[PDB]
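# sequence first, structure after; it's an experimental one.
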Amino acid sequence: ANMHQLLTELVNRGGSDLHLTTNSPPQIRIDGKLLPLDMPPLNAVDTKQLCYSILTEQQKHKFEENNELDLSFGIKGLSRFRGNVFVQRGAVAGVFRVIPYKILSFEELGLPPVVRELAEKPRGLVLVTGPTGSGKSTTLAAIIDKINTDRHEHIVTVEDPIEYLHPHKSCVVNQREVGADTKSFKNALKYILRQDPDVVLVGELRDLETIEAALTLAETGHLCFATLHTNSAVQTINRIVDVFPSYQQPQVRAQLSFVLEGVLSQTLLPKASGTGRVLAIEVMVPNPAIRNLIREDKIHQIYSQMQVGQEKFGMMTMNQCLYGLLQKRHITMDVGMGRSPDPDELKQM
Amino acid sequence: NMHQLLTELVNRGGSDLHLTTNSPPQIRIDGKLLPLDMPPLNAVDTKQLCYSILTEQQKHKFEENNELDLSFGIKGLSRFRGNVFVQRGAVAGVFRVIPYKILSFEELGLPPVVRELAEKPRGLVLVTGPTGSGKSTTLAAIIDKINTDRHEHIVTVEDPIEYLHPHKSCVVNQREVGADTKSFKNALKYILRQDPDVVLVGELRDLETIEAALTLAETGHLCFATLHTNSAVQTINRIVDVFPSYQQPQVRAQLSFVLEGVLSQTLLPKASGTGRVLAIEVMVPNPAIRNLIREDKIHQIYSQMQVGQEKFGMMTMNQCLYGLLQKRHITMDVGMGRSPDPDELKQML
Amino acid sequence: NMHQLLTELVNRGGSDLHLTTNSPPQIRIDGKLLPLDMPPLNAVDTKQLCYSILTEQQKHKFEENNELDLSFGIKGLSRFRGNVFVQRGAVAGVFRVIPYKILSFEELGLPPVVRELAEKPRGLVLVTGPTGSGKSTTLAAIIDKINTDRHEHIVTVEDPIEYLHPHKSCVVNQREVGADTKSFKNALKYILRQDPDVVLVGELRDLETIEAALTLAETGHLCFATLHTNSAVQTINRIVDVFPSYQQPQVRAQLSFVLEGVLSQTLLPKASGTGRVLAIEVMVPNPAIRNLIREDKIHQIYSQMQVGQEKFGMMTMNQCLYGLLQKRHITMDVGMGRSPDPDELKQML
């Protein structure tokens, strides 16, 4: 009840976040700065009643079981939201972020066409990496929107939690939220190969059964998208190899050499304008030479390939991104240099 | 009703029916989805239809797990395997057809050498390729020919059952994983005490199953197994490279002795826009290839295949695409888009 | 009675009250125990007093476990945290004071540069030293200044709560381990979905907490954390040397990028015999230090600090002891006793 009015005020004011906590009125983030609403301060009873008013009994029992809860929900004709609810100093608290219904396109994010071209493969493993809140969901949503528009294939999503809704355009899209639609990632992966899928967005690679699921899916003729937490292609490769036991790293390396179609390592940086974030990206797309370097156990030489893979594979170094951000004046020169993983390379350029 | 949906699916030769909310029913024909001229279904529709083919205990199970596998029949039409799940708080369903009638070898476009392989007394024969590339169809053709011509013992273990074989002249026992046997491991642990001649093992999912199949192949039994590669070399590399480096010599020796045929398939759309056509690579070891195995020269086995056309009946993918091009079954672009080396296929043209 | 014991404890500015059999009550003042002029308590005394501040359920818990943590208030005086336990078959108790008033930066003897650090928008700041060396007091001063001057989001996670912050202009949510959240791991797994600007993570107990703090530090958030070293070099060596050798270069780059301040404190007794005084080492990276990180020369960063007094506001421990000696706050022997290089301090004198 009150939550609906509070959220209406949030939308009407162009706000990003709603905060519910004891002994303070609700506060909304406007242009980066917090502003309290003209309401009495909340107590533990208030945050409790507001947060419980939009949850089912299963969600309530989960939260009461863990004193933590991640969730998403929509208000029809208004907007969708991603929420995180927690407990502090013995009282209920809630935070709610706005997740737009309309997905921005690839060109709006400033990503070159080769990233879009890697997304147009029939099968294999494509990884988009970077830390949390680095734009991963936005690229993934643009992709699964392009695929929904352009292909006649079966897209299934497993999400923790569901973030973007994809109404049916020409594909059939089934989206499973862990903790509501399905018991766990393990159960979904146990049954997804008998629901005739072609494309899968799997979320975080939280355990071995899911990594194994990604290799089997990519090997059984599907296009698998997954996320990681790393800042560069080489660091990404090291991450991929090093998670497996040492005796089993050879097979996974062979598998990866077969199924890998693209690795993207992104990062969102604050914009100089004070609104939005700007992309710095290292892109590795395997060619026959890189696949041989993997097969030949010459893992060092990948650095040489990124230095020499601009024309062949479209691999763009960090310094070229700093050049472009500097010419358009979106970021300053010092932070860009301060962010380069190898300033001596930037010096050489 | 559901009977009408499945009859339309059957009549149009579709493999899979997809039922989900806010979209009309969609069916996969030749790999591509097509919606039926009906209003979109809602959660009530999918729920009522899927529950209409569930027992009360199966409905209890499904509501307990949000997953359910089952099979059912439509009289005078066909049987169907259904999978029901939940997405966005609503019922969803996928239904896969199980054909009763196996097409013959010549109907599948397979050369006569496969028929001579059905008369082989022992060894290991591999049918590989991505999902829906005709592997199961090839096995069903082999099983039906063997069942008809020989008086031997066929045992199949499948997860799930794809083709049913009433007894014709052999005794055929078919075990379903998750009901008939706990796992591949228990069936393979006990299969050698069932007086077998022919064994179907399902997917080569791990090392244990490979070891069971290798033992079968050396002691005079016929074992069929699958992989998930697109070429002969990828198959050989996958099997060898899964073992530690110190044990690969023995495995290479085993493979050199027991291998009698390797089939890797791919299903391509037809130029007419209706139906799909089989492209298949066949590797039959000759002394040169067996030496290449002993010499650790896997990158050169393809070269022996380049010259094994007249002697062993081999045929590269480019040669098959060439024949499909001369017969105008596929376009040049699709063949090049699938050629692992488009320049070789260009040169042979 | 107990009320009198806690009021005398507060009035004398003590930190802890110790109650155990066959000794009078003893209070820690400036780190040293003083017994009160009362007869020694027996096991009946400690039992009755500790049980007098326990609920019946809490008495059941304590009798079940021989351990009990709790907090309670004495009206018009102070709040207290109690721990009750058992030794030689008898009740024992320890009682801590949790002050409501935070002293200011100037009252703590901290130079003005710390105030400018409370205005920093991002980076990683470390407050280190042994237990009770002023680390928590420094954090409370920082949080109070930030709460007063900024409109941002502060989240603290503590085991246990040390300072309570009513909302002043920020929203501050404080999570108690063992009640509000199961562990550091769950809070850090979910903290990035609460729209934070400022996060307090407690002790850097393991690798996973370091990884959470490093991710926070590079994505634009303010993270404060602690360690347990007595100098800047020991802090850098402890953070870098925890990772395997192959991952230490990237980590060194991360630290070189996100670090904005390192605070290593130590509390010394005063020459007057009443009160304690803060000695603090401040490391703010300059280009020379960042290069030293890049060049794997940790043993030479101290030398850069030896020459960074005028430029960056740095100050060695010996220089602080020198100032305290000039101000006659401490004796020469104590300073030499705490100097990591007494010869250097003598030389600068």
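Looks like it came in fine. Numbers count the residues shown, from 1 in each chain, chains lettered A, B, ... in the order given.

# can you tell me the closest non-neighbouring residue to residue A:185?
Among residues not flanking residue A:185 along the chain, residue A:210 sits closest, at 5.4 Å (CB to CB, 6 or more residues apart in numbering or on different chains). Where you see a C-beta, it was placed from the backbone N, CA and C, and this is true even at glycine.

# name the SS class of the one you found, please.
Secondary structure, DSSP: H, G, I helix; E, B strand; the rest coil: residue A:210 is helix.

# quick one: contacts for it?
Residue A:210 sits next to A:185-186, A:189, A:202 when contact means CB atoms under 8 Å, 6 or more residues apart in numbering or on different chains.

# from the residues you listed, pick the one nearest chain C.
Nearest to chain C among the contacts of residue A:210, counting by CB to the nearest CB, is residue A:185 at 15.2 Å.

# tell me how far the closest one lies from residue C:232.
For residue A:185, the distance to residue C:232 (CB to CB, to the nearest Å) stands at 44 Å.

# which one's more surrounded, the two?
Each of residue A:185 and residue C:232 has its neighbours counted (other CB atoms under 10 Å in any protein chain shown); residue C:232 has more, 24 against 21.

# would you agree that one is in contact with residue C:262?
Yes: under the criterion of CB atoms under 8 Å, residue C:232 makes contact with residue C:262 at 5.7 Å.

# thinking again about what came up before, pick out the most distant pair among the contacts of residue A:210.
A:186 and A:202 (12.0 Å; CB to CB).

# more neighbours: which of the two?
The neighbour comparison of residue A:186 against residue A:202 (other CB under 10 Å) goes to residue A:202, with 24 against 13.

# how about the contacts made by that one?
Residues in contact with residue A:202, defined by CB under 8 Å, 6+ apart, are A:158, A:185, A:210, A:213-214, A:224-226.

# ok so, going back, okay, and the common contacts of residue C:232 and residue C:262?
Taking CB under 8 Å, 6+ apart as the contact criterion, the common neighbours of residue C:232 and residue C:262 are C:281, C:283.

# could you pull out the helices in the stretch 1-150 of chain A for me?
Ranges of helices in the stretch 1-150 of chain A, per DSSP state H, counting those that start in this stretch, are A:2-12, A:44-52, A:57-66, A:106-109, A:113-118, A:136-150.

# restricted to helices, list the contacts of residue A:202.
Residues of the contacts of residue A:202 located in helices (DSSP state H): A:185, A:210, A:213-214.

# show me the contacts for the residue nearest the centre of chain A.
By CA atoms, centre = their mean, chain A has its centre lying nearest to residue A:136, at 2.8 Å. Residue A:136 makes contacts with A:128, A:130, A:227, A:266, as judged by CB under 8 Å, 6+ apart.

# let's have the residues you listed in CSV, adding neighbour count.
Putting these into CSV (neighbours: other CB atoms under 10 Å in any protein chain shown) gives the following:
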residue, neighbour count
A:128, 24
A:130, 26
A:227, 18
A:266, 22
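
# of all those residues, which two lie farthest apart?
Across the contacts of residue A:136 (CB to CB), the longest gap, 10.6 Å, separates A:227 and A:266.

# thinking again about what came up before, out of the helices of the stretch 1-150 of chain A, which gets nearest to residue C:7?
Nearest of the helices of the stretch 1-150 of chain A (CB to CB): helix A:44-52, 30.4 Å.

# show me what counts as buried in the closest one.
Across helix A:44-52, burial judged by 16 or more other CB atoms under 10 Å in any protein chain shown covers A:44, A:46-48, A:50-51.
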